[PDB]
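Undergrad:
Protein chains: 2
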Amino acid sequence: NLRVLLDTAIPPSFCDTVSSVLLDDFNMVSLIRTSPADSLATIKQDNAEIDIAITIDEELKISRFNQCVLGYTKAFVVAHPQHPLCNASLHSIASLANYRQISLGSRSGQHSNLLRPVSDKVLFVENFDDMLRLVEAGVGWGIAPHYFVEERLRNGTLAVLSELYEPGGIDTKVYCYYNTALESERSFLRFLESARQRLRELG
Amino acid sequence: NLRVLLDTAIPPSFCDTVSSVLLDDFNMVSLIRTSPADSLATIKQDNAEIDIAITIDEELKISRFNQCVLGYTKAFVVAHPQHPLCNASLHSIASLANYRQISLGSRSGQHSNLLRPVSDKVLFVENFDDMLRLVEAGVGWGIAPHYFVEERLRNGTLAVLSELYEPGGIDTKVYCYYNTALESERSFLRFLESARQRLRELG
Ligand SMILES: CCCCCc1nc(Cn2cnc3ccc(Cl)cc3c2=O)cs1
Ligand SMILES: CCCCCc1nc(Cn2cnc3ccc(Cl)cc3c2=O)cs1
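Okay, here's the thing in structure tokens:
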């Protein structure tokens, strides 16, 4: 039995590749969705017995676990098109720390440097659906994955703020935290190259 | 008079692009090399009167300054080809925390999460030249820029350890920390697009 954790931030394409590739070697394979804010929090509970975690969140070294880079995914800072910062000027990028941010909440109450909110006006949510509902209502701005907002951006229901910060959207390493045990086992090495080599063909 | 700080980690190609593009708008332009470990440390000294810093190092928010992404550069974990971890196995990646690392030193004694050493056996240096001299002598392993080790890798004087962690080498955002003042001035906006658009054509 293999237990795999996936961030809600991890595109559903990546999830399709991971899941497929594992069934070639593994007989029981349990997939588990988690807020990016609860990913590492979860694997560090020993009882939760997670073997692999695919998450965007970064923490240097963890008990029992090793890190590596599966690939890259995009993220945009999004607001209601009528949002004051809609012009997305270079002063507006500094003024994001002034305006209400709709940030992801941590069950642990604690955030990493990456996922910690930037502004003092913060309204926490559990998932990106809740985030974008509030952002569509112009209640604030938020940082969400590409696949979650591709739909709404073309439909014009949402606008981007991030282009002057990082043109093309904010590149984000998808990390693979694997139980130290698996490093020797070639079952995992197959999965890693295979998943990487497929995720590379998406890119 | 414009004062620009550049990391020793910033490729000399990037430096050629930055410097060129600035002279199109600016009449005095002072270029200043710094260890990645001393980049942010420097700009936060108010007397140093830095206007722009191009560095790989990351710190969320700084007094007087705004952040943005100029582009991406590569970095490899390198050792003497005869180094015990030469096989670069997945257990060897975990065992880097056991072996002597030749890390960059901070004049402030403090490191960011990014540039803080990983192993307990650490031998600090001021620059990548010192790092790679010691690494060629097999004294330890180190993390250095692509352009610094491209020469030695082909010549076989050095070996790579990083490929299982991140195939292709370790992607690293080149940040542009600019004095908040410049956000309005179109002189800077020209430079940013121009530098990005040229650094993109290198990629
Ligand atoms: C100028 C506005 C951008 C600064 C603020 C940033 N935030 C980050 C970290 N961050 C956070 N939330 C995410 C959610 C989803 C995804 Cl896919 C990525 C991320 C992410 O990178 C970087 S850059
Ligand atoms: C498995 C070995 C890799 C883990 C250890 C890492 N270290 C980092 C931060 N880091 C540090 N030193 C640099 C020097 C030069 C350049 Cl161009 C980049 C960097 C860098 O990213 C990431 S990954």
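Chains X and B are the protein sequences, given in the same order.
Counting in the numbering used here, the first sequence runs from 6 upward without gaps.
Counting in the numbering used here, the second sequence runs from 6 upward without gaps.
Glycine included, each C-beta is placed from N, C-alpha and C at the ideal position.
Please list the partners that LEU169 (chain B) has in chain X, where partner means a Cβ-to-Cβ separation under 7 Å.
TA: The answer, in chain order, is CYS73.
Undergrad: Residues in the same chain with beta-carbon distance under 8 Å from residue 2 (chain X), minus the five sequence neighbours each way, listed in chain order, please.
TA: A query on residue 2 (chain X) cannot be resolved here, the shown segment of chain X reaching from 6 to 208 and no further.
Undergrad: Measuring from the CB of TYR104 (chain X), is there a heavy atom of ligand 1 at a distance below 7 Å?
TA: Every heavy atom of ligand 1 is 7 Å or more from the Cβ of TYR104 (chain X), so no.
Undergrad: Out of X:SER192, X:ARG112, X:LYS178 and X:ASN184, which has the shortest C-alpha to C-alpha gap to residue 4 (chain X)?
TA: The structure shown does not extend to residue 4 (chain X), since chain X is modelled only from 6 to 208, so the question has no answer here.
Undergrad: Using a Cβ-Cβ distance cut-off of 8 Å, determine whether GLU206 (chain X) contacts chain B.
TA: No, no contact with chain B.
Undergrad: Should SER189 (chain B) be flagged as near chain X, meaning a C-beta pair shorter than 8 Å?
TA: Closer than 8 Å to some Cβ of chain X, the Cβ of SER189 (chain B) qualifies, so yes.
Undergrad: Taking the DSSP output, what are the residues bridged to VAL74 (chain X)?
TA: Bridge partners of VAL74 (chain X): X:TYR180.
Undergrad: Please list the partners that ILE48 (chain X) has in chain B, where partner means a Cβ-to-Cβ separation under 8 Å.
TA: In chain order: nothing, as chain B lies at least about 16 Å away.
Undergrad: Taking all protein chains shown into account, decide if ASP134 (chain B) is buried (16 or more other Cβ within 10 angstroms of its Cβ) or exposed.
TA: Exposed is the call here.
Undergrad: Does the Cβ-Cβ distance between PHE19 (chain X) and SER192 (chain X) come in under 8 Å?
TA: No, these two residues do not count as a Cβ contact at 8 Å.
Undergrad: Below 9 Å between beta carbons is the criterion; list the residues of the region 100–122 of chain B that meet it against any residue of chain X, in chain order.
TA: Those would be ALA102, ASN118 and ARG121, in chain order.
Undergrad: CB of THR78 (chain B) to nearest heavy atom of ligand 2: below 7 Å?
TA: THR78 (chain B) Cβ: within cutoff of ligand 2.
Undergrad: Taking 7 Å as the line, does the beta carbon of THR39 (chain X) fall inside it for any heavy atom of ligand 2?
TA: Flag unset: Cβ of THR39 (chain X) not near ligand 2.
Undergrad: Step through the CB atoms of chain B and report whether any lies within less than 8 Å of the CB of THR78 (chain X).
TA: It does not; no Cβ of chain B falls within 8 Å.
Undergrad: For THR185 (chain B), return the contacting residues in chain X, with the cut-off set at a CB-CB distance below 7 Å.
TA: Within chain X, the residues near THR185 (chain B) are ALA99.
Undergrad: Using a Cβ cut-off of 8 Å, which residues of the region 33–58 of chain B contact any Cβ in chain X, in chain order?
TA: Result list empty, no residue passes.
Undergrad: Let's test the definition: count the other Cβ atoms within 10 Å of the Cβ of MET33 (chain X) and tell me whether it reaches 16, buried, or not, exposed.
TA: With fewer than 16 Cβ atoms within 10 Å of its Cβ, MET33 (chain X) is classed as exposed.
Undergrad: Confirm, please, whether the CB-CB distance from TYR182 (chain B) to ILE48 (chain B) is below 8 Å.
TA: Yes, the pair counts as a contact, with Cβ atoms nearer than the cut-off.
Undergrad: Does DSSP put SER108 (chain X) in a helix, in a strand, or in coil?
TA: Note: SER108 (chain X) maps to coil in three-state DSSP.
Undergrad: Name the one or two DSSP bridge partners that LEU204 (chain B) has.
TA: DSSP output for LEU204 (chain B) lists no bridge partner at all.
Undergrad: Under 8 Å, Cβ to Cβ, is there at least one residue of chain B near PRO172 (chain X)?
TA: True, the Cβ-Cβ gap to chain B drops below 8 Å.
Undergrad: State the DSSP-derived secondary structure class of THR47 (chain X), mapped to helix, strand or coil.
TA: If DSSP states are grouped into helix, strand and coil, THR47 (chain X) belongs with the helices.
Undergrad: For ligand 1, is there a heavy atom less than 7 Å away from the beta-carbon of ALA14 (chain X)?
TA: Answer for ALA14 (chain X): yes, Cβ within range of ligand 1.
Undergrad: Taking only the alpha-carbon atoms, compute the straight-line gap between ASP176 (chain B) and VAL127 (chain X) and give it to the nearest angstrom.
TA: Each residue's Cα considered, the two are about 31 Å apart.
Undergrad: So with CB distances below 9 Å, who are the chain B contacts of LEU65 (chain X)?
TA: Near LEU65 (chain X) (Cβ distances below 9 Å), the residues of chain B are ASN118, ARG121 and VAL123.
Undergrad: Here's a check: name, in chain order, each residue in its chain whose Cβ is nearer than 8 Å to the Cβ of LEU163 (chain B), leaving out the five neighbours to either side.
TA: Hits under 8 Å: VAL83, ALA84, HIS85, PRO86, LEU137, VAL140, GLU141, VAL154 and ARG157.
Undergrad: Residues bridged to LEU10 (chain B) by DSSP?
TA: Per DSSP, B:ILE37 and B:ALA58.
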